[PDB]
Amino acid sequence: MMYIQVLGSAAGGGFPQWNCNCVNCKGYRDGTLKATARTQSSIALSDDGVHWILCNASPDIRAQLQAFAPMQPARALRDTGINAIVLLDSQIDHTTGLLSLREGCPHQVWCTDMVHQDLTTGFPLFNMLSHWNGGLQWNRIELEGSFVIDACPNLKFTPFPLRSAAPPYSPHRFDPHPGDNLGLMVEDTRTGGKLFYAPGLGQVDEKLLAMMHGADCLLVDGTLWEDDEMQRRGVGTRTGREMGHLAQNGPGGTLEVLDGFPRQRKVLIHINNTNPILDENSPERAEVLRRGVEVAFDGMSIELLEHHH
């Protein structure tokens, strides 16, 4: 059994977003819209329900941990359910939460060489936190092969490369490198149960589709309904493909992709505050549910029991 806990299900900014008055955010604050607030994207993984691996450390991490009881097992005066953190990239929204964990150092942190470079230079979290009881202990994610975190010995992690898009602060934003961005396959080696985790997905190739077919649960980018959603709502000028996100709708959209995966569990995560699927009364949400696709929400629990083969 692999336990997957959705700590946060929104895109950057969360929902509602602090400075946003789009139809969704204003509607939420007004009480006129049936939607649930969401913190920024982050999941926790476990093979036993006691030892957890945090995937991405969001700026909302304090509220996220507090809302999920296994994060505080209370086995000692000081304690936490977090046994390791895996970073998929070096973006502020995926790393800032580490600052809020510094009272609990040392932490085992898994990330690529490229992300470690960013987090020792442009956003020098490793350097900063080294002054808190040894700080973050770097475990290198290699760009081929798999890894296993000791605390959850039955979870086998196999990262896969995504198009490189270093964050704006990065010394190499204008010079992208392999290892800037990855997605995760996670296997419970006791059952063969497999999670495909790609909260940021801007393109799909044949090899990607192949590896998805071997998965049991697909947890994938749900940022925008349409590629021009930001402009439609009047709160941004950047497009979906510009931000490295495939929209749900349209030719080559994620809903079209997911049509080829009837037997997988399918869940959208990393949902932007502008996305109508957040409206529980929207025809867009209705269409997602009609396609057998789920919309992640904070506190969602996914249990992977077994492999389909």
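All residue numbers are counted from 1 along the displayed sequence. For the two forms, the rigid core is made up of the largest set of C-alpha atoms that agree within 1.5 Å on superposition.
Displacement analysis by core superposition in 5 other deposited structures of this protein ranks 171 to 179 above the other of 171 to 179 and 101 to 109 in root-mean-square C-alpha distance from the shown form.
Looking at mean Cα B-factors across 72 to 80 and 202 to 210, the upper value is held by 202 to 210.
Higher average CA B factor: 234 to 242, of the stretches 112 to 120 and 234 to 242. The entry assigns its greatest Cα B factor, within the set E226, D180, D188, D93, to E226.
Sorting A63, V257, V50, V267 by the CA temperature factor given in the entry leaves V257 at the top. When the modelled residues of the chain are ordered by C-alpha B-factor, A286 sits in the highest third. Per-chain ranking of the deposited C-alpha B factor places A10 in the lowest third.
Split the chain's modelled residues into thirds by C-alpha temperature factor. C217 is in the middle one. The PDB entry assigns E144 a C-alpha temperature factor belonging to the highest third of its chain's modelled residues. Sort the chain's modelled residues by C-alpha temperature factor and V293 lands in the highest third, per the entry.
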